């Protein structure tokens with residue numbers, strides 16, 4: 001598949017109310033198999049004690065039709081992006097190379113029998129081992145060589 | 001040296017079933033105590049030896065204490081736990097007595113801990129073969145309360161039991177809730193309805209579980225500790241009897 | 001028939017779920033009787049012991 | 001998952017003397033294996049069960 | 001000797017009673033934790049089903 005007509009950045013504000021508010025950004029919605037997740041995490045409100053933050057690439061295989069749905073989930077990377085406790089106004093850069101994990105492309109409703117889908121899952125862990133997350137779908141595609 | 005007596009009670013040579021069978025423990029005294037011959041001895045005492053022994057301590061020390069024994073099968077079965085209690089009970093009994101220089105001085109006990117042949121043959125070998133009223137008040141006062149308190153402690157203990165037992169359904173309720181949930185969710189093919197319904201299975205259970213969990217978490221902790229005191233109390237009950 | 005049969009199955013489930021609920025209310029009891037006598041147990045000795053702390 | 005099956009065999013509920021008495025162990029499977037249902041289960045198997053098994 | 005047994009016993013006693021609280025304190029702790037964690041347990045259960 002050639003470069004997509006539209007490739008919007010994924011940008012969102014998320015939080016746990018009055019405890020943690022963050023804006024995260026990933027540079028594209030659609031990445032080729034040897035592409036790079038360039039992004040940032042921005043901290044608006046921090047009232048929890050953060051031990052570390054990681055970015056995960058999760059693969060989901062979805063098999064079957066209608067209520068006959070089996071979902072197999074595999075976690076293909078755990079990439080630490082922050083060590084320690086930030087404060088408000090702090091910006092954490094993300095650079096995650098996909099070439100290190102040998103992913104398959106995104107496959108959607110193949111012959112109406114299965115789907116293989118990829119998710120970026122951002123995980124923050126507190127000092128008492130509590131875990132705060134947000135999942136975002138990303139389309140992986142195989143680049144035609146020139 | 002006297003408290004600096006080091007004791008491992010291990011090796012649960014738990015003589016296999018008889019419905020009354022008696023665990024034989026290594027008693028390793030590693031002892032820097034100069035109230036114990038061997039810097040290490042291991043003996044392999046059986047329940048009977050100790051109980052007697054415990055009594056011996058009772059016998060050689062005229063009012064001069066003797067804490068609770070090796071654990072009772074009077075509620076015990078033969079459970080690893082029970083035997084552990086015994087092991088412990090000894091450990092404790094022993095522990096203390098060692099950190100009481102006197103009870104630690106019982107010669108039978110030196111020979112006992114520092115020789116395996118049991119208390120008995122040691123015991124032949126060794127003999128070469130306020131006024132009355134307040135105290136009595138006190139005692140009785142004392143007693144009476146601690147009988148009472150005990151009784152509570154049993155009640156409280158029995159309270160433990162309940163809760164844990166009644167991690168009952170509860171468990172099954174929410175375990176089947178989960179299944180139940182699941183049950184129509186499986187009828188429902190309507191996928192996205194199946195999933196939640198099922199999701200509700202997980203939950204109930206997850207929750208169930210958490211609920212289920214709690215006896216074990218907490219209740220049990222208590223039941224143990226409650227029990228413990230009661231163990232002392234029993235033993236001091238003995239303590240008293242000795243005094244009489 | 002499809003219809004009859006599913007809701008017949010579901011009915012027997014709903015009858016089992018109903019009686020599950022009954023259990024759950026019963027299994028809130030002691031628990032209750034337990035913590036009601038666990039309070040009395042703790043209370044009892046606090047009125048007879050003379051050490052304030 | 002298959003090798004990633006985690007097993008503790010503990011709890012030596014060693015049924016006391018009979019001269020043939022059979023220890024019953026917790027078998028805790030903590031298992032991330034998808035060849036094992038429970039992420040944790042404990043069963044309390046006795047010698048005979050296993051040998052057969 | 002019998003006297004001195006009572007004395008001792010008292011010394012011990014203060015020691016027992018004293019002990020006692022502590023046991024449970026820890027007891028209480030086992031509980032405490034189990035509860036907060038429990039609410040945590042729910043929270044993860046939640047997180048997931050938000051994630052549903």
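No value in this document is a laboratory result; all are computed from the given coordinates. Here the Cβ is made from the backbone with ideal geometry for all residues, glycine too, and neighbour counts use every protein chain on show.
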- Message: Looking at the range A:90-109, can you tell me whether even one residue there is under 25 Å from residue A:19 (Cα atoms) and surrounded by 15 or more Cβ atoms within 10 Å (Cβ to Cβ)?
- Response: yes
- Message: Checking the structure you have, find out if any residue of the range B:185-192 is outside any helix (DSSP H, G or I), away from chain A (no Cβ under 14 Å) and either buried (at least 21 other Cβ atoms within 10 Å of the Cβ) or more than 20 Å from the chain's Cα centre (by Cα) (or both).
- Response: no
- Failed criterion for residue E:28 (all others in (1) within 8 Å of chain B (Cβ to nearest Cβ); (2) over 20 Å from residue A:127 (Cβ atoms); (3) in a helix (DSSP H, G or I) hold): (1)
- Message: Tell me yes or no: at least one residue of the range B:202-212 is in a helix (DSSP H, G or I), farther than 21 Å from residue E:39 by Cβ, touching a helix residue (DSSP H, G or I) at 6+ places or on another chain (Cβ under 8 Å) and away from chain A (no Cβ under 14 Å).
- Response: no
- Could you tell me which numbered condition residue C:13 fails, if it satisfies all but one of (1) in a helix (DSSP H, G or I); (2) more than 7 Å from chain B (Cβ to nearest Cβ)? (2)
- Which residues, taken from the range B:25-45, are over 14 Å from residue B:115 (Cβ atoms), touching a helix residue (DSSP H, G or I) at 6+ places or on another chain (Cβ under 8 Å) and assigned to a strand (DSSP E or B)? B:25
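Given the structure, is residue C:49 surrounded by 10 or more Cβ atoms within 10 Å (Cβ to Cβ), more than 19 Å from residue B:165 (Cα to Cα) and more than 10 Å from chain B (Cβ to nearest Cβ)?
no
Per-residue answers, yes or no, for (1) within 19 Å of residue B:21 (Cα to Cα); (2) surrounded by fewer than 17 Cβ atoms within 10 Å (Cβ to Cβ); (3) in contact with a helix residue (DSSP H, G or I) (Cβ under 6 Å, 6 or more places away or on another chain):
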{"position": "B:56", "(1), (2), (3)": "no, no, yes"}
{"position": "B:62", "(1), (2), (3)": "no, yes, no"}
{"position": "B:69", "(1), (2), (3)": "yes, no, yes"}
{"position": "B:87", "(1), (2), (3)": "yes, no, no"}
{"position": "B:104", "(1), (2), (3)": "no, no, yes"}
{"position": "B:109", "(1), (2), (3)": "no, no, no"}
{"position": "B:113", "(1), (2), (3)": "no, no, no"}
{"position": "B:117", "(1), (2), (3)": "yes, yes, no"}
- Query: Failed condition for residue E:15, given (1) more than 30 Å from residue B:59 (Cα to Cα); (2) more than 8 Å from every other protein chain (Cβ to nearest Cβ); (3) surrounded by fewer than 14 Cβ atoms within 10 Å (Cβ to Cβ), with all others met?
  - Reply: (1)
- Task: Answer yes if at least one residue in the range A:55-73 is over 30 Å from residue B:190 (Cα atoms) and not in a strand (DSSP E or B), and no otherwise.
- Result: no
